[PDB]
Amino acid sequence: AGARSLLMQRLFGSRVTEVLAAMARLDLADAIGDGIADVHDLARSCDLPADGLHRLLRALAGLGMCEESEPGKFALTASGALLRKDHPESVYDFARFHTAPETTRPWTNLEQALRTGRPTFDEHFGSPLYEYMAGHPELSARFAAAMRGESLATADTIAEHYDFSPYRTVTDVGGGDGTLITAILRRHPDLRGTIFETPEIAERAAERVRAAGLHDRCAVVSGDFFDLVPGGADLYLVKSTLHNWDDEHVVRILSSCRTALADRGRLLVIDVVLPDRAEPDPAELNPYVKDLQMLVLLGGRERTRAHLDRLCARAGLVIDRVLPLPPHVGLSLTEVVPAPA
């Protein structure tokens, strides 16, 4: 029963996603809100007949997103609640971004990406993903809130699983809207921070730093990590960034980080560390699905320890040590330092 059931689960994933994508697109979590909503009331809220919306809501209830309390009356589960825009841990923008054509249409050509080793995004939309997003403000803002949604799991745990006490300054290279650094600064009140981001993402970081009340302890600057990373910090973070890039580009980024570490600086690579032998993984987001997403969108990849250490060696760096996060997060903390010779 189990062997067949698992294959049936894998094969019918795309249809499950379309049900979830409809819930997010129709903003049904917000329409339902806290309490019990009548399907006839919800139908008028998003120009659908009652019968059709009832069948979608029955499906969402079967997939664990809603509960049918009485016939035609639905409430959100804890899972459905996370699609509310107003949820403190909202994954709404995460759901919209990963069900948007910009992240899904490149997967229709997964085969061609595997054959070429190059992303399919470019041919579908006319440019590399980051140039496209720099030119599409709505999607760039969606992207920033999506990486926030994903990073909450890591942000909530990183302080318990890494010792930040020895450091006075920390720079987050590709630090997004500052979700990671603000969590770290809130738990370490003597610590000062910098976010280094693209022009477009840095404006999101500025308003997050203000809203977090960290204006006096966290600087926000824009620049290009293919140029020089600003020097003199004791700790540099780089989270969910190296996996966006091929090996030649990762060497250039690590090279820029090496100049910035100088003598005393340490680099903390926050990313999936793939095992040498691939097996099922308890992480909330599958690391091998992450690998193939990075391929189709950006021409990046997830890496083993040995693989990343090889790229470190080309940048004049070495892996000191790899620290785990709780099994559900699926990211590790790779401590990287300059190579004596």
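Counting begins at 1, following the sequence as shown.
- Which wins on mean Cα temperature factor, 237-245 or 109-117? Mean CA B-factor is higher for 109-117.
- Average Cα temperature factor in the PDB entry - higher stretch of 320-328, 8-16: Result of the comparison: 320-328.
- Message: Just the C-alpha B-factor column, please: which of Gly72, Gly175, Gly149, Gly80 has the biggest number?
- Response: Checking the PDB record, the top C-alpha B-factor among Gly72, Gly175, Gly149, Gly80 is at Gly72.
- Query: Taking the values straight from the PDB record, which of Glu123, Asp224, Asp93, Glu102 has the highest C-alpha temperature factor?
  - Reply: Highest C-alpha B-factor among the listed residues goes to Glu123.
- If you rank the chain by CA B-factor, which third does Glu207 end up in: lowest, middle or highest? Highest third, going by the recorded CA B-factors of the chain.
- Would you please rank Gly62 by its C-alpha temperature factor against the other modelled residues of its chain and give the third it falls in: lowest, middle or highest? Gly62: CA B-factor falls in the middle third of its chain.
- Query: Of the three thirds of its chain by CA temperature factor, lowest, middle or highest, which one includes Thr157?
  - Reply: Answer is highest: the recorded C-alpha B-factor places it there.
- Among all modelled residues of this chain, ranked by Cα B factor, put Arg310 in the bottom, middle or top third, i.e. lowest, middle or highest. Ranked within chain, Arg310 CA B lands in the middle tercile.
- Task: Taking the values exactly as deposited, rank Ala145 by C-alpha B-factor within its chain and report the matching third: lowest, middle or highest.
- Result: For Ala145, the deposited C-alpha B-factor lands in the lowest third.
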